[PDB]
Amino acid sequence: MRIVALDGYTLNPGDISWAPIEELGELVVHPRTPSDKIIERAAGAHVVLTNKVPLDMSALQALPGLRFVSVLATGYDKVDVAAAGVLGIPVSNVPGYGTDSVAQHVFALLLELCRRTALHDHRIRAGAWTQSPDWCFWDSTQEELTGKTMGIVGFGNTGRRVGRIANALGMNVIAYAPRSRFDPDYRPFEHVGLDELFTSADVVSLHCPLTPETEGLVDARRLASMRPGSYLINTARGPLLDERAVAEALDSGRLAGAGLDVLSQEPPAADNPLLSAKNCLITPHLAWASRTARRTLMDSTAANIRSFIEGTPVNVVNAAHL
């Protein structure tokens, strides 16, 4: 059995192992694949692995040998899985691999906005501690989370993890939980409508899929409803925000800070308003990417392939179309 990874570099840039996949067939790993080389490289493969390499109906029909696709992610927005279905190709993803990676990144962003440790380290190195008229200093107000309300938009695995951490930091937690009425074992906790979340939360973290209903959720109106000095964190999907309104909220002081691992355009423009905004922290879509999570992602991908071989495919995202 012949297996091809079209963009394996981000999953394994030399610090983990393909061994679990290599046990199941003949593997070829390309670090990335430009669009004009997709059919060439995928030709002859029984199984294709893709993270973000697109597979549309025209590519799928040009690969008659293709029997199974596994996506190296929870999201599969760049794979036309419906077209795969009608051609009789199951498509699997991996949910749950990065719950801890992502939830901890929400707090890495948030605490760096609150304390700005790296800034103060830089200032020490420029001699700011000697230059200071006091025994200590800070160029950025030090902010504590204790007693603030964490509002969690979307309450799947990652959202729930964010909530458990928030609780342990002494925050109140409120969740907009449309897909599930899940009650955690900690207080204070409460389910709220989306409107109520924005009026009551001091920190808002986004953990929902991008859909018609959630496009531009964080808009000028919901921002205006928030308490001044609030924080926004987004490790989910860029188009959940109106980027303009958020930049203006940062500059006005409505938002004391924003921590963003995703943007509507990746990579961003130099003149994207979020790159010129004060108190904005941005990371390059790496929240998912701890060595532990990628290791887990590798194993779960091997499990998906093993299951397809055994005749009972798991994590199928196009069951309705087969």
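All residue numbers are counted from 1 along the displayed sequence.
Averaged over their C-alpha atoms, the temperature factors of 128 to 136 and 184 to 192 are higher for 184 to 192. In this entry, 71 to 79 has the higher mean Cα B-factor, the comparison being between 110 to 118 and 71 to 79. Ranking 15, 299, 310, 22 by the C-alpha B-factor listed in the PDB entry places 310 at the top.
Within the listed group 233, 145, 152, 86, the record reports its top CA B-factor for 86.
Residue 273: CA B factor lies in the highest third for its chain, per the PDB record. Among the modelled residues of its chain, residue 322 has a C-alpha B-factor that falls in the highest third, as given in the PDB entry. In the PDB entry, a CA B factor belonging to the highest third of its chain's modelled residues is recorded for residue 248. When the modelled residues of the chain are ordered by C-alpha B-factor, residue 257 sits in the middle third.
Residue 202: CA B factor in the middle third of modelled residues in this chain (values from the PDB entry).
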